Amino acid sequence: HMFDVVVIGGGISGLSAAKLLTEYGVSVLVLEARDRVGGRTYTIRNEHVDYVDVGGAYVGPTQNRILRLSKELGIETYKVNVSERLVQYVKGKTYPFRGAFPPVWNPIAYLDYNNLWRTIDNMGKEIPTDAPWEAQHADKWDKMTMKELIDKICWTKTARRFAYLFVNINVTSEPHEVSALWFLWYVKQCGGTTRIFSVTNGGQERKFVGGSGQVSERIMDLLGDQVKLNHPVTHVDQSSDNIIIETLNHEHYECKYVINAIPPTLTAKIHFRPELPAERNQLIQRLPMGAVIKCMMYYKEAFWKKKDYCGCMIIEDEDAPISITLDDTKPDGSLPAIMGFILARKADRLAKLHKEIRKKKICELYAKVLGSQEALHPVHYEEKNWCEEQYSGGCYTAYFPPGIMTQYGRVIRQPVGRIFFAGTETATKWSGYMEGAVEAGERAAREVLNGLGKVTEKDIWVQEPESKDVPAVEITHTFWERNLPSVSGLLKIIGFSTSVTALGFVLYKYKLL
């Protein structure tokens, strides 16, 4: 019952924190609300699936903390399948393709699309990773929704529609719901558009053998009985020098420091004393979670592979259940599966259906999309609705509605007295991700170790050596990607050379050429 540190939450962020503190000889108790660890990562194990991640799954280049943390725990990664053709499903029609983004054949649409990604990334360049509210344009951009920005950026309908999907896919919410400032920041802090969206050399490159649930399971092993499951913290009281923590079953723990390692929306329910600053209380009640239902469809045979598809479908169609999928076949070829997400508005919609109506609907879309009736004969179906996770609030992460970032956002990871705040939402790189959970756990641990006098100020924020197993190849854009004009830019240029072609006709008739 008496510890130096209590960590509230045994997600990756909380366990990381607890694991670091333990290395330093500090006593830590982790108080985990659920009957398991790992939080928004959850590897289910039954004999239908062997194992499957129903929560966070993927890792890739530049995600150095999670790779290092997982490697040290004896967890191996494997590459996501992209040997075959990706597909785009738009307007009833399936378009196979290669590369990260679907091809845009229409020349004007192409300039639009191209300019959209470059502009997302250039606008990002201005946003400080760790102080987005300090952006030169923070106030202006934070007032916009991402729908407004997209519609301001994009002339074509294709580009707009796609960009709205891009939003859904990344922040599992609707572009009208999210600040353009926060969204530009969110893609920036994941490496940019190409890194965030890609499989190869991107955030979706890899998965863990045996599941990402294992990152948390094994740290809980190392911590032994220093991790208590079924202890949701309901009160935290730092009035006196021993902080008193109370759990839902009325147990009391005391400690010198607390690391809050749960998302904002759950932070918002803890009864703190003294009360948190009023900015902070506003902040943490105004960050909603996104909406995802992760659905895994199992088949006997990876029939998509026969048709030369990898199982990655980018599904751009309002009435389709799923938005995006990946092959989820086991690394040795066994238990073939498609992983699909139901995202944003569509998740809230679909969640009101029965499971077997959701199943049926997904199989039908897949038959349609992959053009094969074999899609209608799944051998098993696994799903997790994160909207209905009481100790998660939703997935993958919190979004910032317009206004919130410049109004209350500065204090997102500021300590309140001896309470330090971890959780992926407070990470500055790959925040929203398992990677950002580790950055944030280890940095809060270090904030506590600085307090205990065991680590210096300089040492709180430590950069991760690059993984040698999964190194980061640099994202490059072609000459044409860099320099093609936006639609609007075309018009400017064309006006300049219709004009001048005219003057070369004035000069030619005058004969002064």
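When you see a residue number, it is the position in the sequence shown, counting from 1.
Look at the C-alpha B-factors of 477-485 and of 444-452. On average they run higher in 477-485. Here the stretch with the larger average CA B-factor, out of 491-499 and 10-18, is 491-499.
Between the residues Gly210, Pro401, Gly371, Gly191, the entry's highest C-alpha temperature factor is the one at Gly371.
When the C-alpha B-factors of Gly203, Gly409, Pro378, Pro264 are ranked from the entry, the top spot goes to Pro378. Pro103 sits in the highest third of its chain by CA B factor, as recorded in the PDB entry.
Sort the modelled residues of the chain by CA B factor and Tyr51 lands in the middle third.
Among all modelled residues in this chain, the alpha-carbon of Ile150 has a temperature factor (C-alpha) in the lowest third. Split the chain's modelled residues into thirds by C-alpha temperature factor. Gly74 is in the lowest one. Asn260: CA B factor in the lowest third of modelled residues in this chain (values from the PDB entry).
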